Amino acid sequence: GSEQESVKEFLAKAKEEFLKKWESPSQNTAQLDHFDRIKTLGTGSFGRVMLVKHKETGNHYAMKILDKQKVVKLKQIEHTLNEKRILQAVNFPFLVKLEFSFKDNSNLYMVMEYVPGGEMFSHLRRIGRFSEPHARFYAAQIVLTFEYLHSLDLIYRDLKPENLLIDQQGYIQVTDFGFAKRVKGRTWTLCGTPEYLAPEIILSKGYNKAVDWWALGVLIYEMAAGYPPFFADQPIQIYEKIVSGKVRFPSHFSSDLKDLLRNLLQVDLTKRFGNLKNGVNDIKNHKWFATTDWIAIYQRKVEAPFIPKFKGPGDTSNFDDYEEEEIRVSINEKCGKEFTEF
Amino acid sequence: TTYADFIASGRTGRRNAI
């Protein structure tokens, strides 16, 4: 069509740019002593994220620091290498940008844009739940981001509020590609977060990008309800609920929202929205999105429903507090062969 | 209520991957 043929052309250009960067990734674009450390923003099994200041410019960044020995111990080499490769190759308004990367004797470093508004998770637990217009604004961003990622044959596999950052203008930034995979056909890994796993992952089937559309259904439900559709004390009980095709909706959900959710939280793959012959357009054209101006969202011209409080550059009030630990760099090169391509 | 059941689940904090 008109709008239709524009989308086709846009995604073909996007795939060409992605593939060029995928095939020749950038390496070694800064070094540690170019930055001052300010504060730990989060910690993980094999690294931490810190707010840093670039000494030359004064610009702030979020620096992910991965301990190479821990990455090896935890069998995360391929996931780490893959995350950096994806991040340096993608380009979309709602994906966090990689600004620099480098490595040293002990660590790998990914220097990303700092997103001062913090995780959606905190805002959702604080506020309780989002009204449907508010939830719809964020959902539209994810729909567009998945359309983009899926056109590159990337499955995301870890959608949840914990992984969605809110920027200064109120828009989403997706940050963590540690489980993303380039998959034209099917894949089989059991991975993700219990509450957000699609049934076909739990049932140990081969699965495809349709798991991201299931997870969108879970996200929209949690945003609009304040709690996820399937929960329990233990993950095993969560899985039993997920693979039942049973869901209950709060009485305040609109009829349109319930109908959309029935079609995303669809255990039957042949029936799940996003996985049918019209693909993502079954979602974009759904009655719940009738008021959504998809191009205006993409162009970030829609007034956001919530703007986080920002007291300047380097303000960290929207992140938790963590014990500050030294960044030791060993005199001995650790795990050099394993991380050659980083 | 469903909300009370969610609080009783103990899974109201940040959730790790599997």
Side-chain angles (χ1 to χ4, degrees), chain A residues 42-44 76 79 118-122 124-126 128-129 156-163 176 178-180 189 191-197 201-202 215 218-219 221-222 225-232 234-235 237-239 247 249-253 319-320, chain B residues 1-17:
Chain A
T43 65
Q76 290 301 299
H79 282 167
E119 303 175 339
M120 181 190 286
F121 181 89
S122 303
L124 180 59
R125 289 291 177 270
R126 179 166 34 260
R129 62 179 172 89
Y156 180 63
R157 296 197 295 192
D158 202 20
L159 186 70
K160 53 182 175 184
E162 291 94 318
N163 286 339
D176 191 329
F179 288 145
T189 301
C191 64
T193 302
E195 279 85 343
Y196 283 73
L197 296 184
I201 303 176
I202 288 164
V218 180
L219 183 74
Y221 187 114
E222 184 172 355
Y227 46 81
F230 312 104
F231 56 77
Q234 293 301 322
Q237 314 156 234
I238 298 178
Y239 301 150
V247 210
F249 298 111
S251 62
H252 63 79
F253 278 20
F319 293 89
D320 275 311
Chain B
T1 65
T2 306
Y3 180 66
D5 295 347
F6 176 58
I7 303 304
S9 83
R11 294 184 61 85
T12 61
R14 295 171 168 86
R15 294 156 295 198
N16 299 318

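Letters go in sequence order (proteins before strands), and every chain restarts at 1. All values below come from the heavy atoms of this structure, side chains included, with hydrogens, waters and symmetry mates left out.
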K.L.:
Hey, what do you get for CD (A:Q237) to OG (B:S9), rounding to the nearest 0.5 Å?
P.N.:
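Interatomic distance, A:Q237 CD to B:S9 OG, rounded to 0.5 Å: 10.0 Å.
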K.L.:
Verify side-chain contact (heavy atoms from CB on, under 4.5 Å) between A:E162 and B:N16, making sure each step is shown before the conclusion.
P.N.:
CA-CA 9 Å; A:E162 291 94 318; B:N16 299 318; over 6 Å; no
K.L.:
Return yes if some donor-acceptor pair links the side-chain N/O of B:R15 with the main-chain N/O of A:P194 below 3.5 Å, else return no.
P.N.:
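The answer is no, because no donor-acceptor pair under 3.5 Å joins these two groups.
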K.L.:
How close do B:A17 and A:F179 get, heavy atom to heavy atom, and via which atoms?
P.N.:
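What the structure gives for the nearest pair is CB-CE1, 3.2 Å.
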K.L.:
To the nearest 0.5 Å, what is the distance between OH on A:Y227 and OG1 on B:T12?
P.N.:
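Answer for the OH-OG1 pair, A:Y227 versus B:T12, is 14.5 Å.
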K.L.:
Of all heavy-atom pairs between B:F6 and A:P228, which one has the smallest distance, and what is that distance?
P.N.:
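Closest approach of B:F6 to A:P228, heavy atoms only: CE1-CD, 3.5 Å.
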K.L.:
Taking C-beta and beyond as the side chain, do B:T2 and A:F231 meet within less than 4.5 Å on heavy atoms?
P.N.:
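Yes; the side chains approach each other to less than 4.5 Å.
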K.L.:
Are the charged groups of A:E222 and B:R11 less than 4.0 angstrom apart, N to O?
P.N.:
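Salt bridge between A:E222 and B:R11, a charged N being under 4.0 Å from a carboxylate O: no.
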K.L.:
Find out whether A:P250 and B:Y3 are in side-chain contact, i.e. whether some heavy atom of one side chain is under 4.5 Å from a heavy atom of the other.
P.N.:
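Of all side-chain heavy-atom pairs linking B:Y3 with A:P250, none is under 4.5 Å.
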